[PDB]
Every structure is written in C-alpha cells, then in structure tokens.
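Structure first, commentary second.
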Amino acid sequence: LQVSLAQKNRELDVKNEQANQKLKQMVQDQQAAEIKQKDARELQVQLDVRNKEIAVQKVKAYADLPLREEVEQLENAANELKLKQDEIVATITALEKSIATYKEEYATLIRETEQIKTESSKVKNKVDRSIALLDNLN
C-alpha cells in the first residue's frame, strides 16, 4: 500500500502541474483581454467628449434658429460617432464576456487545484501512517 500511495502521489504531482501550468496560460490569456478592456474603455470615455460636445452645439444652434448648413454638419458628425460608439460598445461586450468566462474558468481550474492539493495531503498522512506501521511491525 506504500508503493501505490507513492504512485498516486505522482499521479497527483502531474495532475497538479498539468493544471498548475494551464492556469499560467489563463493569467497571460485574461490579463491580455483586460488590457483591451481598460484600453477600449479609454475610447468609450475619450469619444464620450465628442457626443457630449457635438450635443450642446446642436441644442444651441437649433434654438439660434452658414448656421443652417454648419448645423447639417454637426448632425452628421454626431452620426459618424453614434455609429462608431455602437462600434466600441460592441467591442467592449466582446471582451466583457471573453474575460468574464476566463474568470469562471480560472475559478474552475482553482477548484481542480484545491481538490488536488487536498488529495496529495490525505495521501501523505496515509503514507506517513504506513511508515509508522511498518516500523512497529518490523
């Protein structure tokens, strides 16, 4: 029973490194996405200026009613954007999910590690407990 438990302790080391490895991939696979997020978040913010800007002038000039044509221009500009926003808000969701699953996955790979660590433990005790038995029997 000493041989087998030293064996299974091996089946664990590997089981654990195959996961302890893949888990490293997750960090350099989720930190990646997060970057886009934080990055592309700067854009949603940045371009937020424009809509809020182009917004007020619309209000003003529309009441103040080249103005006409100039206003035709604000309406288009705010359109170029309105579109380019739905553009990044879709880009944000892209990661939002992509990244939120890496978590649900990390957490899962964590459970696998936790279960492994414990097994290894419950085996060490049994092995330690066999070294005592062998010795008293000998």
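Quick reminder, even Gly has a Cβ in these numbers, built from the backbone with ideal geometry, and neighbours come from all protein chains shown. Readers should treat all values here as calculations from the given coordinates under stated rules, not as data from a laboratory.
Rounded to the nearest 20 debye, the dipole size of the chain about its Cα centre is 820 debye, using +1 on the Cβ of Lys and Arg and -1 on the Cβ of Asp and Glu. As a ratio to 2.2 N^0.38 Å, the alpha-carbon radius of gyration for the stretch 28-138 is 2.27. For the stretch 20-35, putting each phi into the Karplus relation 6.51 cos²θ - 1.76 cosθ + 1.60 with θ = phi - 60° gives couplings of 4, 7, 3, 5, 5, 4, 4, 4, 9, 9, 10, 5, 4, 3, 2, 3 Hz, in residue order, rounded to whole numbers and with x for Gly and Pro.
Computed from backbone phi, the HN-Hα couplings of the stretch 99-111 come to 6, 5, 8, 4, 6, 3, 8, 4, 2, 5, 5, 6, 3 Hz, rounded to whole numbers (Karplus: 6.51 cos²θ - 1.76 cosθ + 1.60, θ = phi - 60°; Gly and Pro given as x). Couplings 3J(HN,Hα) of the stretch 48-54, computed from phi: 5, 4, 2, 5, 5, 6, 2 Hz, in residue order, whole Hz [Karplus 6.51 cos²θ - 1.76 cosθ + 1.60, θ = phi - 60°; x for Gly and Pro].
Overall form of the stretch 2-93: prolate. Here a/c, set by the Cα gyration tensor axes a ≥ b ≥ c, is 1.5 or more, and a/b is the larger of a/b and b/c. With a cut-off of 15 Å between beta carbons, the residues surrounding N16 carry a summed charge of +3, where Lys and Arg count +1 and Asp and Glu -1. Farthest toward the positive end of the dipole of the chain, out of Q30, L95, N138, is the Cα of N138, where the dipole comes from beta carbon charges about the Cα centre.
Dividing the summed -39500 (n - 2.57) terms of all DSSP H runs of n ≥ 4 by the residue count of the chain sets its mean residue ellipticity at 222 nm at -36500 deg cm²/dmol.
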